[PDB]
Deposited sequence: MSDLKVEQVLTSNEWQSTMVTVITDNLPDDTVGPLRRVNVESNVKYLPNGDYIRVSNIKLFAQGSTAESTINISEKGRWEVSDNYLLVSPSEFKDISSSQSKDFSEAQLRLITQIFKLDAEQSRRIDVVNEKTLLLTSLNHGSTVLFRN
């Protein structure tokens, strides 16, 4: 589909997203990021993410995010302008949480190819950072 069709798909509804990163397979074992995101047609977006951390032997970081977005050649391009930890604490130190947040912020700006999984579900695939699932009700 065309870039303007893709833009209309993104702006016509609000979206939820899920991204899972497996860390170990045999200390932090896995990270689940669950988000709500709104793409506005003026090129702004707002995104609120719950970063769920699972270490073997559960803790959560809440992040509010704003920035600019664009569609080019069926890729979703994102340039975050600000992040704010609004989490209202854990079994992880403040340094650990800061490092996890830095990786989250890096993922937040990755360009992702857009593919339609079904009427309510999109797959966002990057070259080197995996896939995020975008879905609506």
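J.: Given the full deposited sequence, which segments carry no C-alpha coordinates?
T.: Going by the record, the segments left unmodelled (no C-alpha atoms) fall at 27-33, 65-67, 99-100.
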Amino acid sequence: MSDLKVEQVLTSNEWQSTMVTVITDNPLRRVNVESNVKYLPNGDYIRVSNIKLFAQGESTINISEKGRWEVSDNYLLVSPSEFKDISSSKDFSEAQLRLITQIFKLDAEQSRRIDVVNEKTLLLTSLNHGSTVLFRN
From here on, numbers count along this sequence of modelled residues.
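J.: Mind pulling up the entry and telling me whether 48-56 or 105-113 has the higher mean Cα temperature factor?
T.: Stretch with the greater average CA B-factor: 48-56.
J.: Tell me which stretch, 36-44 or 58-66, has the higher mean Cα B-factor listed in the entry.
T.: For C-alpha atoms only, the mean B-factor is higher in 58-66.
J.: Could you check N128, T121, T18, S12 and tell me which one carries the biggest Cα B-factor in the deposited entry?
T.: In the PDB entry, the greatest C-alpha B-factor among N128, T121, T18, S12 is found at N128.
J.: Determine, from the deposited record, the chain-internal third of the Cα B-factor for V78: lowest, middle or highest.
T.: Ranked within chain, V78 CA B lands in the lowest tercile.
J.: Going by the CA temperature factor in the PDB record, which third of the chain does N137 belong to: lowest, middle or highest?
T.: Ranked within chain, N137 CA B lands in the highest tercile.
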